[PDB]
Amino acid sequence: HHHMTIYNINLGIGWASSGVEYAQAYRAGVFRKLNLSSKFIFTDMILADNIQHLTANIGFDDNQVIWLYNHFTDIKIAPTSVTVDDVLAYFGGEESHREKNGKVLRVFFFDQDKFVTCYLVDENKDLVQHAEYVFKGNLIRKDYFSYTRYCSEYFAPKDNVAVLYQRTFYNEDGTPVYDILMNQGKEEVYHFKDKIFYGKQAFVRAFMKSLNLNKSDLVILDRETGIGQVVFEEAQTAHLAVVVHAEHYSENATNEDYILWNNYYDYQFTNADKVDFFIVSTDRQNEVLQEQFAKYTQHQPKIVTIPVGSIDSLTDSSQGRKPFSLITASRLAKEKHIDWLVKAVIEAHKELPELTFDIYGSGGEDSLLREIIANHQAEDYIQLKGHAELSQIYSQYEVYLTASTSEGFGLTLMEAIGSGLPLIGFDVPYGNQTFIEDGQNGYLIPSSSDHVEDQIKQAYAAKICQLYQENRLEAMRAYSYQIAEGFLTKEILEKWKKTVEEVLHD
């Protein structure tokens, strides 16, 4: 490549990803619009799914995607198109019968000692994402497929448990490119046939060098656990930007003489002299971080404010908004405190029996949330919707609720106001203070460090009730759209263009 390329580095991606991954997807949308060459690199081993299925889901174009382990081969990022028949060709013939159970297809043979389990992309299609080969009860090999087999895993029995010892990655023609020798989940040795790498760091270094980075390239680092030093070192011949996503230090641990950074930034902040610029989503975080660099460190890095999201256009309700309908959208994670919202809604429902509350997202808090709902017999008006595509969802509702105690930005807050939702949330930095004008487009609720649950639920309940009882909904929605005009894609393109124009040239 001769053209400027923007390389973006993250660990992983899933069906129900965090805002970090969605922010990357927003950024990809911007780079496409600016007709700029970009790559989004993921460094995690992802085998449970075809990585292309995940990236396409979130909206990356296939040619914007680099997967670390695939990169050294000539197999392109692609959807799974291998069939059951294609799969069975890798294993010996003579099928006796099958068993199907959803996506799990087990193919039995007359050789009673062997069977193949296929894991289908779609229960009602014959596309096979990966397959498992079992001999006399023992798992021996797993193959992984896109348009051909790109990876095999090799297993041997120990105490009757299958132990992974080797992973091999292939080229299109079926020849192996490299083997990873495994030890209890650690990728210890990467054997490239004519050379060898010891440890993932060395492997990632080789990857970085394989990019042939030019001075006019930009490396943007989103997440970096395990690989920071190698990325930092190899990015010096290009330009290096670090995106700060969440709150970046611990207030409770910090005092006049000592600061405790967020673990995901400690490395980057310690070595800020190696970073060309940091990116933050709000000016308040910008100023906070700048001050802390001056107060606690010997660095004075460049820090630019670029929102991680933008709104293409405001979205109007297409068929109207259900009366008294409430929405929240997040990972079901402790730091979002959706349980406080559920209890608040149960309470407000005493005064407004028409209230409903839909909860979008996935996460380990689902068990607690179901328990609270069951305990109050609230199933008919409070529901978990799962992780969904939200673009058409928000404008079907009246008001958005958040009990998150901290947001670097909060993409669902931006998305919510872009669809004309008033917001009710805690008066906490940074996102809530960016997106909520108390009394104009919703309410900011004072937060306390002791976090008394009874007080919290009473406050949210009171505020929800007040919005409806004082007839504030029309005015607040209108004000949300007004705030949202400050977060439109047109503005953001210019911010990126400007930043890109400054890394290109000087």
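The first residue of the sequence shown is number 1, and the count goes up from there.
On mean Cα temperature factor in this entry, is 392 to 400 or 106 to 114 the higher one?
Result: 106 to 114.
When the Cα temperature factors in the entry are averaged, is it 469 to 477 or 57 to 65 that ends up higher?
Comparing 57 to 65 with 469 to 477, the higher average CA B-factor belongs to 469 to 477.
Whose C-alpha has the highest temperature factor in the PDB entry: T148, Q285, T328, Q300?
Highest C-alpha B-factor among the listed options: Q300.
Selection by C-alpha B-factor (highest) of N212, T412, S406, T73
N212 has the highest C-alpha B-factor of those listed.
Looking at the entry's B-factor column for C-alpha atoms only, identify whether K350 ranks in the lowest, middle or highest third of its chain.
Highest third - that is where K350 ends up once the chain's C-alpha B-factors are sorted.
Of the three thirds of its chain by CA temperature factor, lowest, middle or highest, which one includes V304?
Middle third of the chain for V304's C-alpha B-factor.
Looking at the temperature factor on the CA atom of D366, which third of the chain's modelled residues does it land in?
Its C-alpha B-factor, which the entry lists for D366, ranks in the middle third among residues of this chain.
Classify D122 as lowest, middle or highest third according to the C-alpha B-factor given in the PDB entry, relative to its own chain.
Highest third - that is where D122 ends up once the chain's C-alpha B-factors are sorted.
If you rank every modelled residue in this chain by C-alpha B factor, which third holds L493: lowest, middle or highest?
Highest third, going by the recorded CA B-factors of the chain.
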